[PDB]
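Read the single chain below, which is given as structure tokens and is the form solved without the ligand.
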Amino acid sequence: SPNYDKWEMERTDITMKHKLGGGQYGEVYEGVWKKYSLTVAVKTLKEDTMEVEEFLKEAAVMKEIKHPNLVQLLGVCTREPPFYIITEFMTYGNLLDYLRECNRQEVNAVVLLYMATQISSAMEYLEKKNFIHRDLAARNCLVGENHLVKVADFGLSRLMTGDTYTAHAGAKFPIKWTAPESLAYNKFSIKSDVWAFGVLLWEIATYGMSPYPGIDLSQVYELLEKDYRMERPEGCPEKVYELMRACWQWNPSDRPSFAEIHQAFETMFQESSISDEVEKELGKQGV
């Protein structure tokens, strides 16, 4: 069979539970895959099916990639019109929703920088293999136990060339995460995804606050096109802000690579990562 998947397993082997985002995250449910007795996340695609392209693409990428910092496929069911995408159960939900509802005393600056390190590592796997996310965001990242964050699919595609305008019409969901270049010309590149990563860095440092909050959506386009980019989050280190602002560099040719971004995280997280040379802790972000 041409649409067969060894990842495709019997739906009957899963007992569904509570919906994890049936309200405003799609038709997402909790389940348990009986033959392993492990709790799972189940995406159904029955009702509105606004983006069959994007959910079916999630299955396609997860079969071509596997890493603990990319949401790992547990199975699928694409043999049936109500398409299912089965993944791991992440305890704390989306990174966006977690940070907004988390205890900032526990989930402090030091973990927040570490999330950005895990995510830049995750993206580096994709970029190495010529995959692109083009839609990178805290809502498109997940968090589980041991403060573990991982990047997800959500419009994850193959970059291949990244030779400008590499897209498929609806190649974005969140407008405030979409680059000025991508708003004006609908053009995506690896540098347009670097913008989305910068907005994600902002989200993490602001405990999940929305980019450019309180300014009108019809004005978002205007300001981003006039080279506007978010300011330093309160409690965010200067060193991280240099990186963050660089991800929002106006010229794509002057904008940093994932190589340069990774080295920036790697040096900063070995000021914090030592966790031994610094006695009596290091770094306190209040609010």
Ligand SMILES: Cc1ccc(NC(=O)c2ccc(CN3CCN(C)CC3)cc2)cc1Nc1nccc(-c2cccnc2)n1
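The numbering used is simple: start at 1 and walk along the sequence shown.
What follows is about the form solved in complex with the ligand, which we do not show.
Decide open versus blocked for this chain after superposing the C-alphas round the site and placing the ligand the way it sits in the entry with it bound; the blocked call needs 3+ ligand atoms within 2.4 Å of backbone or C-beta. The pocket is blocked.
Sole residue of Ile215, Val110, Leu148, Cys102 within 4.5 Å of the ligand in the entry with it bound, by heavy atom: Among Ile215, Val110, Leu148, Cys102, a heavy atom within 4.5 Å of the ligand in the entry with it bound occurs only for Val110.
Exactly one of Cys236, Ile261, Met230, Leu224 has a non-hydrogen atom within 4.5 Å of the ligand in the entry with it bound; which residue is it? The option sitting close enough to the partner is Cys236.
With a cut-off of 4.5 Å between heavy atoms, is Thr15 one of the residues that contacts the ligand in the entry with it bound? No - in the entry with it bound, heavy atoms of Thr15 and the ligand never come within 4.5 Å of each other.
Residue contact check: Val240 to the ligand in the entry with it bound, 4.5 Å heavy atom: Contact with the ligand, yes.
Any of the heavy atoms of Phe83 lying within 4.5 Å of the ligand in the entry with it bound? Flag for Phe83 set to no.
Using the partner position in the entry with it bound, report whether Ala205 sits within 4.5 Å of the ligand, counting heavy atoms only. Close contact exists here: in the entry with it bound, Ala205 approaches the ligand to within 4.5 Å, heavy atoms only.
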